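Accompanying notes for the structure given below.
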Amino acid sequence: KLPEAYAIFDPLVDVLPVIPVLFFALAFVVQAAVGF
Amino acid sequence: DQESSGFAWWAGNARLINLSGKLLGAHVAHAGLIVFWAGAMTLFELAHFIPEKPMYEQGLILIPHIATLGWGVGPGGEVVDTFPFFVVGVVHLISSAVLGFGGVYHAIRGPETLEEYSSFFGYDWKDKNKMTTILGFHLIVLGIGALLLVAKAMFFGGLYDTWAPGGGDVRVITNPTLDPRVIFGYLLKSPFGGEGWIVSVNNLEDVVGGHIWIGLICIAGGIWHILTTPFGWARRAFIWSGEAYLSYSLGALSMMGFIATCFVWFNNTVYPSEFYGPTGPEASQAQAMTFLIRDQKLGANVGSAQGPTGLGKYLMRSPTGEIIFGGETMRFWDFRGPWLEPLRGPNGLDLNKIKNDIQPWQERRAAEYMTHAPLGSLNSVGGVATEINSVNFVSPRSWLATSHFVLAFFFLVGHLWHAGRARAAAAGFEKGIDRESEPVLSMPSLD
Amino acid sequence: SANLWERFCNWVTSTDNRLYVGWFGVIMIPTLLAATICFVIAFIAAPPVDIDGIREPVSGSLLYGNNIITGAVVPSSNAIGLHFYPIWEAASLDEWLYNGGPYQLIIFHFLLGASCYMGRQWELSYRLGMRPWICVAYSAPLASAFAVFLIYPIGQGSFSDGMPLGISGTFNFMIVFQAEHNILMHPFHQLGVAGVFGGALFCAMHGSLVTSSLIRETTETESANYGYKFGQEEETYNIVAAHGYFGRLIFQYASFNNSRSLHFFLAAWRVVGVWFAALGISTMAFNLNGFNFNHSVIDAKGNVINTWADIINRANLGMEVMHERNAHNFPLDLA
Amino acid sequence: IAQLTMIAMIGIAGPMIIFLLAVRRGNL
Amino acid sequence: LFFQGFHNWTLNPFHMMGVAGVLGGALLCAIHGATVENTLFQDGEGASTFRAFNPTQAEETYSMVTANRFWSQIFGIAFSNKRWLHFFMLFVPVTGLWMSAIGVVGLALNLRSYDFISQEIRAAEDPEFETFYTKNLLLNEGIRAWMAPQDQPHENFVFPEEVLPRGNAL
Amino acid sequence: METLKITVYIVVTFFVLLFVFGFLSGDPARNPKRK
Amino acid sequence: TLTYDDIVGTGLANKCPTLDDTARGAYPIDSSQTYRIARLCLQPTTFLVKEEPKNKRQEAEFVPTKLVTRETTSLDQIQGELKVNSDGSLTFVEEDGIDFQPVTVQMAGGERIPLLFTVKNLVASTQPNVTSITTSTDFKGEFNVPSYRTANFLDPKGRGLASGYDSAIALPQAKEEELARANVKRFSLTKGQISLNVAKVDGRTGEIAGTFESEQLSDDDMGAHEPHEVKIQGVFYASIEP
Amino acid sequence: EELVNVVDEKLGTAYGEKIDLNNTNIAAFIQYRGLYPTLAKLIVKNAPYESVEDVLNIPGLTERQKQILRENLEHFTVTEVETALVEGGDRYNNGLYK
Ligand SMILES: CCCCCCCCCCCCCCCCCC(=O)OC[C@H](CO[C@@H]1O[C@H](CO[C@H]2O[C@H](CO)[C@H](O)[C@H](O)[C@H]2O)[C@H](O)[C@H](O)[C@H]1O)OC(=O)CCCCCCCCCCCCCCCCC
Ligand code: CLA
Ligand code: CLA
Ligand code: CLA
Ligand code: CLA
Ligand code: CLA
Ligand code: CLA
Ligand code: CLA
Ligand SMILES: CC1=C(/C=C/C(C)=C\C=C/C(C)=C/C=C/C=C(C)/C=C/C=C(C)/C=C/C2=C(C)CCCC2(C)C)C(C)(C)CCC1
Ligand SMILES: CC1=C(\C=C/C(C)=C\C=C/C(C)=C/C=C/C=C(C)/C=C/C=C(C)/C=C/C2=C(C)CCCC2(C)C)C(C)(C)CCC1
Ligand SMILES: [Fe+2]
């Protein structure tokens, strides 16, 4: 429940928090592409 | 810095401890996730927050803090402005971009070496002054808002005070605390049950009142170090190395986090319970209160009721303060909250009061806290260890206090491994033990 | 001499004293010396203790009727809980005795000096000049002992519920816990029993291989173990012929040639799981108990289908109910 | 309802930078 | 639980060595592993002592000397030798396990260590004397009464509201 | 018995003070090659 | 004038109210006034356990004992109508209040003797022809002493009175009889008998303080041991109002 | 000279079959049309009755209440007050919860 005019975005608001984590994740993807 | 002439991949960030950091930007880089996280979760929180449902009943870790500052609450712990909360996360979130937008840069396209661009204060750890002066900035920096809060406390709206006359309610801190005995006195206060040196804090007058004292005290330090070079017993004592600096510094968190975990579990003042759950002890005291009433209301004398053990069910006696609720509940006769203080007395809980001046607004708050107790499974099924799946609720205090300990713990593990490896450069055996010049293979055999 | 302390200063840090005693030393050394002394006696001869919130004295001294297993020096009473009950706060010596004040002494003391040993665990790695990610291994241990004596207490509010110093005591602290925390169903303890079991398996693995590729130096009459001298320059085992075997025995690549890595794996596994565990207790310390799936599996009509965890929980109630009969003067074991 | 599809894109936003970097060059 | 509750295994010598070995061994493992790592000769260059090791030939990677002279002073004792160290590690567990396997063999024929007469005999009189043993043993007695009915379904146990053992309160 | 209360402190203080004054005199020295 | 946050910790709430040396001024009792007591408090200091005399029959003794459970001893908040019956004597009938503090003193030997210091169902009266309460006046009357433990209560090994395992249990084919003492848990009921002499009285306040001496029994322990006799001494405050 | 459990024995009187006005826990009062809540507070309070009827003559009982009791009189009984059953104000909270 965000202000009425934002109704459209509950979907994203929903995900935004996962991102932080996502970074430690990516950090690996790159390290892998760069053969350690 | 590539592989060779560096560490392995898991010790990645070590090659950034070489020369002058290519990026401050790393630190800033995330100095964003941290602020962005408020931006997401805060949005996410309100994104799920209903105004009726007790704030702590709706996994609200983030939101309760805004409330505790006087925002969007007022009379009782009721939320009137869904707006203010939304505001703060929206801002931070967006605010994070700039923080990340820059850290993200400083790390790839800027001076891969600010040791050279130096000039502006600049870079190099051993440089004993660039460091005294730097922290120096961040010292004026903190104390800065110590006042920021004092303002919110004294000039912008006030804070939430459960003790506050009427009842929990947004109030403005008029008269903070002068007397240094008090504000400082806490440090010298007992560490154990009865008086925690930091934790024990009845009102805001001493909080905001104390913060003031810290803003200036802390600013006086930035102003200080910024101007001078550390003395010779200092240099003599502590190893100076970029790492070693993290080493110390890191073990200030460890300690501090415990100081949090140990704080969020115990105080009703700075953690109102109308936003967090009722504090552990409060609970097993709340139960007491509810049943002292149930029977007294059922027609029992209460005060003079000999209990199963030999002590007495509803009322018991403690060694120093004479009177408190009795059960196993005793452990918490130190608990203090507005919902039970009216029914207090000189000698302790008053029989005359408890018997007739015990009002209704209490039986119902008392029952909420009896139920809503800091007890739940990761599963998140709030209740005794062995409860049926149905009512679920995990106290903000549970998560808060728990986490920080595991982290703060782990950090202490850090303070070690970073001191262990750093105290090592000090002689150079950190890389290993030299196969032809080891202190031990050339020493007087113990026997 | 310019100052006589000068010698005190090198002695404490005597890199050659039969038994090193660092600066931590100077605190450890006695903190445990007092801690132990109180203990050894409390066991041998100490009165009962009201432990639980009541006045039901629990005896735990050999001279008061304890087998070495039943033995245990009991905790402080729910009367004190967290307040500091030092020997002077108590009126009659016997008060401290009854209200179970030895505990705090013993606990607080070792639980302290212990850590200094942790420090002096590394102080020798500095005076000796050796990498020191060693003292940390010791953490996991000390963490737990700290967890079972200092966190959990602050967690439930009373030293009352802190693993009572004694054999059968632990068993108690345990069975109770399961009941109030379903610890056994806790993701942490798992990762705990994980490593412990592992380390105990690796401890036999790495010990197995070495002795299995030991090398030549003996007769059959001689003790094969004799083939080695302290201060050897080259290791006694034939690592190549070891990995060359173990590697082969299922997969070849799930094996270690990197002795530095292997000996390392041994370190971290036990030491990491144990941590989680130490945290497990410390986690449920503030009531974030293990999982709970009671009635979580049901059919159409709603008729409930018992999960194999419902038994766990059944046997759990049997525990909940009994523990500490008399005090519990209310419906909910909120502590 | 939709929540899921929109999460998808952001999640594959990061490995895509790695890809767009593989093809072009730099980083190393 | 079921054992604790019915066999009261927890209090069975044999099982004890069972944890004396697993537990005792784990330490032995975690320690030799780390004790080794630290007494490692810097024989590589930089921040990667993990590569600096020679897969090829004999060269004591961990000074056995920087060893003993360490614990000898920190714990009072020195694992002087590696054939025995790296062996005694084989023993610790394997042994305890057996002591476990024996112990349980007991439980097979219900031969269990619940007993402890010396106590229980004096448990009769002196209704006021209490050790943890008993205090514990009681937990067990609850574990029975409550689970047996559902754990052992084929017995169609039936325990009326009353028969169930409980303290005053819950 | 207020006596004990103090008898201990000193014994405690003394040590805590001997602790700090030992580490205070800086230990960057007292290792291999006094560095 | 003292707040709980001001008195908590002193271990004072266990010691009760004094009357300064402006006493001896008798309280004007009417006979035309109803009169009731407000928080009658008995703070104690001297616990003496009549020594189970050895078989020999020469004057049984009253040894002194050491207090164990710190401060959990005193009792007050006792209230009850103060009757003014014929011959002008006052009888105080307690209706309720905190009066059953459980204490355990350590005997001469190592014995832990526990009693239930209490002045419950109390009916105390004083001398006749008294229109004023003064250092003269005094109060004597009866008690009612249940037992240390309630009805429920499980002695280790599960036994109990109104619950509890019911038997030898741990020992199945053991010799049934001779454990009667332990199994069937009888529950005691006995008389107390205090004595109250005033020493400091205020005329207007209705306040009056003085020494008291209760002689009661100890812990029956369901059946275990024959209780030990106990005498209790200490000062007592007790405000009187109309 | 044969000592015996008191509750167990009084469970053998009519106490075990019906509701004992002078002893029985106040909890067994709900099991009948409108008795628990208040009437009980008065039933339980109010001296111990020598006769099962002296219930009806309780100070201030209401013209309706009076009725109820009469109606339910069927299930009430009495036996000597039982020291072990009444002490400890157990009658208000026996220690028995669901
Ligand atoms: C006296 C000498 C003792 C010698 C001991 C030496 C041993 C060496 C130290 C190592 C560990 C022991 C030290 C104890 C510190 C733990 C704190 C503690 O036990 O004291 C308990 C107190 C609790 O305070 C509570 O305070 C309460 C007051 O609140 C109540 O009243 C308040 C107002 O008064 C409010 O109204 C509030 O709502 C209400 O709840 C009550 O008085 C309670 O009785 C009282 O317990 O905590 C506090 O304030 C103190 C907070 C300190 C920070 C600690 C962080 C967490 C601890 C981690 C330990 C680190 C060690 C780890 C090593 C292993 C690996 C890491
Ligand atoms: C207080 C903040 C803090 C800071 C700024 C640092 C900073 C640093 N630490 Mg460190 N540390 C800390 C706290 C901190 N630490 C604490 C509290 C501990 C106790 C455990 C440690 C223990 C520790 C060790 C043992 C080491 C470091 C090292 C380092 C350096 C290497 C950088 C790094 O590790 O990135 C790289 C990040 C990683 C490698 C994370 C990945 C970890 C791998 C092994 C597991 C991957 C996780 C995986 C399961 C995730 C699942 C994803 C799934 C989708 C598959 C760096 C200077 C290294 C060093 O030598 O520096 C001098 C090093 O060896 N630290
Ligand atoms: C967790 C936070 C964090 C931060 C701030 C850093 C930062 C850094 N690491 Mg590093 N690292 C981390 C975690 C982190 N690391 C972990 C968990 C591991 C274990 C795998 C490592 C392992 C590791 C190794 C082996 C090395 C580093 C190196 C570095 C440095 C080089 C950066 C670079 O070359 O990127 C290059 C960037 C790319 C190739 C593409 C990534 C695109 C990013 C930068 C943009 C993403 C922004 C976001 C998605 C959208 C925002 C856009 C904005 C405009 C709004 C830099 C200081 C190097 C070093 O030694 O520095 C001197 C190095 O060799 N790290
Ligand atoms: C300060 C750290 C912290 C704390 C105390 C909490 C606490 C909470 N979060 Mg949360 N959260 C955090 C950081 C934190 N969060 C971050 C950084 C994110 C962004 C990814 C989120 C995103 C998030 C979402 C979407 C939701 C929550 C929710 C919650 C609540 C219930 C979650 C739960 O019961 O599952 C328990 C979870 C676990 C037990 C995870 C298991 C841990 C494993 C992976 C190992 C961890 C080891 C390591 C030492 C711990 C890592 C620390 C943590 C930051 C990951 C609880 C109050 C829920 C809620 O209350 O809704 C309003 C919810 O829906 N959080
Ligand atoms: C958070 C702490 C922090 C610190 C200590 C620094 C420090 C620094 N940054 Mg920087 N930066 C940060 C955060 C930080 N940044 C963040 C969050 C971003 C996101 C954009 C950036 C983006 C950034 C860029 C693009 C550049 C720097 C640069 C620098 C260096 C130039 C110093 C200077 O003279 O600027 C002094 C700046 C001020 C006193 C601020 C003046 C504000 C007004 C009066 C004018 C500023 C322009 C306008 C307001 C908006 C800025 C536009 C932008 C192009 C600058 C200096 C080392 C420069 C560099 O390359 O260093 C080697 C550089 O080109 N930063
Ligand atoms: C924020 C982080 C930070 C960091 C890393 C530092 C770091 C430092 N500061 Mg510093 N400082 C800070 C913030 C910081 N400061 C702030 C916010 C202020 C505001 C004033 C100051 C004000 C300040 C001053 C005035 C001084 C320092 C000094 C120092 C240096 C020596 C400190 C020392 O080793 O103490 C070690 C001290 C001890 C171990 C004390 C041990 C003795 C005990 C027994 C005291 C006795 C207790 C007594 C009885 C009272 C209570 C005792 C107990 C019961 C609680 C060191 C580089 C010194 C320096 O040389 O230059 C500034 C110095 O003179 N700082
Ligand atoms: C990445 C994981 C993670 C997450 C999601 C959080 C989340 C949180 N932490 Mg936290 N923390 C963490 C890791 C994390 N922490 C670690 C590794 C430590 C070191 C052991 C701490 C130590 C810590 C303390 C001491 C406190 C928190 C608090 C909080 C809460 C308020 C945030 C805050 O203080 O805003 C901005 C700052 C404040 C609102 C109060 C500032 C406290 C003063 C300034 C002392 C210094 C602040 C602290 C040291 C800086 C850490 C800020 C945090 C964002 C990392 C929030 C739920 C606060 C809390 O308990 O809830 C209100 C709190 O007092 N944390
Ligand atoms: C130098 C070492 C280092 C590295 C490699 C990282 C890496 C990262 N940090 Mg981070 N951080 C660090 C130090 C570091 N940080 C320090 C000193 C602080 C001061 C508070 C922070 C504060 C911080 C915040 C506020 C946030 C991050 C976040 C992140 C990213 C997501 C992980 C996270 O939860 O972070 C937070 C804290 C940690 C990640 C500490 C450990 C958490 C991970 C390691 C647990 C999961 C893997 C772990 C449990 C593996 C278990 C071991 C296995 C063998 C069993 C990730 C890139 C963002 C994030 O995604 O958080 C949800 C984020 O919001 N960090
Ligand atoms: C939408 C949006 C956004 C964006 C962002 C971002 C930037 C995100 C991200 C992202 C990301 C970037 C995430 C993540 C990551 C990563 C990944 C996706 C990864 C991966 C994966 C995986 C699965 C992996 C795996 C693996 C393995 C197999 C093992 C180890 C190694 C590795 C890791 C490789 C934000 C939020 C800002 C907000 C605004 C809008
Ligand atoms: C880890 C790291 C990295 C990267 C990065 C980092 C670290 C950081 C950061 C940072 C960042 C990355 C940041 C940021 C950002 C940004 C953001 C986060 C944003 C935003 C915005 C938003 C999100 C929004 C949204 C919205 C709006 C606009 C308003 C309304 C609501 C909405 C939602 C619509 C890498 C991997 C490369 C490596 C190195 C280090
Ligand atoms: Fe080995």
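Any idea what Rg and Dmax come out to for region B:14-78 if you just take the C-alpha atoms, in Å?
18.1, 57
Restricting to DSSP loop positions (anything but H, G, I, E, B) with no more than 16 other Cβ atoms inside 10 Å of their own Cβ, which chymotrypsin sites (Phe, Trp or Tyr not before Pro) remain in region B:1-99?
On the way: sites: B:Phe7, B:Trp9, B:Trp10, B:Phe36, B:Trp37, B:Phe44, B:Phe49, B:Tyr56, B:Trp71, B:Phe85, B:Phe86; in loops: B:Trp9, B:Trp10, B:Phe49, B:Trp71.
In loop regions of region B:1-99 (DSSP not H, G, I, E or B), the sparsely surrounded chymotrypsin sites (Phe, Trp or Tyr not before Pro) are B:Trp9, B:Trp10.
For a quick check of your reading of the filter: which trypsin sites (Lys or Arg not before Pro) in region C:274-335 sit in a DSSP loop and have no more than 13 other Cβ atoms within 10 Å?
Those satisfying the criteria are C:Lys301.
Please work out the Kirkwood hydrodynamic radius for region B:208-296, using every pair of different C-alpha atoms, and report it in angstroms with one decimal place. Let's see the in-between values first.
On the way: mean 1/r = 0.0565 Å⁻¹.
One over the average 1/r among Cα pairs gives 17.7 Å for region B:208-296.
With axes computed from alpha carbons, what is the tilt in degrees of helix B:207-227 against the longest principal axis of chain B, rounded to the nearest 10 within 0 to 90?
On a 0 to 90 degree scale, this one is about 10.
Using r as the Cβ-Cβ distance of B:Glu78 and A:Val30, and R0 as 56 Å, what FRET efficiency do you calculate, to the nearest 0.05?
On the way: r = 48 Å, r/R0 = 0.86.
The formula returns an efficiency of 0.70 here.
Convex hull over the Cα atoms of region C:116-166, averaged projected area in nm²? Present the calculation step by step, with values, prior to reporting the outcome.
On the way: hull surface 16.6 nm².
In nm², the orientation-averaged hull projection of region C:116-166 is 4.1.
Whole percent per 10 Å bin, from 0 to the bin with the longest distance: what is P(r) over all C-alpha pairs of chain C?
Over chain C, the share of Cα pairs per 10 Å bin runs 5, 18, 23, 22, 18, 10, 3, 0, 0, 0 percent.
If you average the C-alpha positions of region G:45-64 and of region C:231-251 separately, how far apart do those two centres end up, in angstrom?
If you average the Cα positions of each part, the centres end up 80 Å apart.
Kirkwood hydrodynamic radius, region C:185-300, all distinct C-alpha pairs: what's the number in Å?
Values: mean 1/r = 0.0569 Å⁻¹.
The answer is 17.6 Å.
Distances longer than 21 Å among the Cα atoms of region C:1-84: what percent of all pairs is that? Walk me through the numbers before you get to the answer.
Details: 1900 of 3486 pairs.
For region C:1-84, the fraction of Cα-Cα distances above 21 Å is 55 percent.
Taking amide H positions as placed in the peptide plane 1.01 Å from N, state which residues far from B:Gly70 in sequence (5 or more) or on other chains have amide H under 5 Å from it.
Distant-sequence amide H within range of B:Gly70: B:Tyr160.
Once you keep just the Cα pairs under 8 angstrom separated by 6 or more residues, what percentage relative contact order results for chain C? Kindly include the intermediate steps, with their values, before the conclusion.
Details: 467 pairs, mean separation 58.3, N = 335.
In percent, rounded to a whole number, it is 17.
What is the Cα centroid distance between region A:1-26 and region G:153-229, reported in whole angstrom?
Centre-to-centre (Cα) distance: 66 Å.
Taking Cα atoms of chain B, Rg/Rh with Kirkwood Rh, to two decimals? Could you put the intermediate results ahead of the total?
Numbers: Rg = 26.9 Å, Rh = 25.8 Å.
With Rg and the Kirkwood Rh in hand, the quotient comes to 1.04.
From zero up to wherever the largest Cα-Cα distance of region C:13-137 sits, split into 5 Å bins and tell me the percent of pairs in each.
2, 11, 16, 18, 14, 11, 9, 9, 6, 3, 1, 0
Mark the label point 7 Å from the Cα of C:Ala45 along Cα→Cβ and return the residues of region C:63-82 whose backbone N is within less than 15 Å of it.
C:63-66
Give a residue-ordered list of calculated ³J(HN,Hα) values for region E:99-107 (Karplus: 6.51 cos²θ - 1.76 cosθ + 1.60, θ = phi - 60°; whole Hz; x for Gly, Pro).
Values, residue by residue: 4, 7, 3, 5, x, 5, 3, x, 3 Hz.
DSSP loop (so not H, G, I, E, B), at most 10 other Cβ within 10 Å: list which trypsin sites (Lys or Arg not before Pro) in region C:173-281 pass both filters.
Details: sites: C:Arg216, C:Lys229, C:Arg248, C:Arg260, C:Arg270; in loops: C:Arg216, C:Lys229, C:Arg248.
Hits after loop and neighbour filter: C:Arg216, C:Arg248.
What whole-number volume per residue, in cubic angstrom, does the convex hull of the C-alpha atoms of region G:1-130 give? Present the calculation step by step, with values, prior to reporting the outcome.
On the way: hull volume 24.2 nm³, N = 130.
So the per-residue Cα hull volume is 186 Å³.
In deg cm²/dmol and to the nearest 500, what is the mean residue ellipticity at 222 nm of chain G if only DSSP H runs of at least 4 residues count, each as -39500 (n - 2.57), divided by the residue total? Show your work: numbers first, answer last.
On the way: 1 runs with 4 residues, N = 242.
Helices in chain G give a 222 nm mean residue ellipticity of 0 deg cm²/dmol.
Could you list, bin by bin from short to long, the percent of Cα-Cα pairs of region H:1-87 in 10 Å steps?
16, 52, 24, 6, 2, 0
Calculated FRET efficiency, G:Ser195 and G:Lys66, Cβ-Cβ r, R0 22 Å, to nearest 0.05? Provide the component values of the computation, followed by the final result.
Values: r = 24 Å, r/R0 = 1.10.
The calculated FRET efficiency here is 0.35.
Kindly identify region B:361-447 as rounded, prolate or oblate by the Cα gyration tensor criterion: order the square roots of the eigenvalues as a ≥ b ≥ c, call it rounded if a/c is under 1.5, otherwise compare a/b with b/c, prolate if a/b is larger, else oblate.
On the way: a/c = 4.64, a/b = 4.09, b/c = 1.13.
Prolate, since a/c reaches 1.5 and a/b exceeds b/c.
I need the Debye-formula profile for region B:278-373: one equal scatterer per C-alpha, no solvent, reported as log10 I(q)/I(0) at q = 0.17, 0.19, 0.23 1/Å, two decimals.
-0.67, -0.86, -1.33
With springs only between Cα atoms under 10 Å, which of G:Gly164, G:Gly88, G:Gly223 fluctuates most in a Gaussian network model of chain G?
The residue that fluctuates most here is G:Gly164.
Note the direction-averaged projected area, equal to a quarter of the hull surface, for the Cα convex hull of chain E, in nm². Spell out each step's value before the answer.
Numbers: hull surface 72.6 nm².
Orientation-averaged projected area of the Cα hull: 18.1 nm².
Among all stretches of chain C without exposed GluC sites (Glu not before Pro) (DSSP loop, at most 14 other Cβ atoms within 10 Å), which one is longest?
My reading of the result: C:1-216 is the longest stretch.
For the protein assembly as shown, evaluate the Debye formula with one uniform point scatterer on each Cα (no solvent term) and list log10 I(q)/I(0) at q = 0.05, 0.08 Å⁻¹, rounded to two decimals.
-0.46, -1.16
Each reported figure results from applying straightforward, stated rules to the coordinates on display, with no laboratory input. Every residue, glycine as well, gets a Cβ built from its backbone with ideal geometry; the counts of neighbours run over all protein chains shown.
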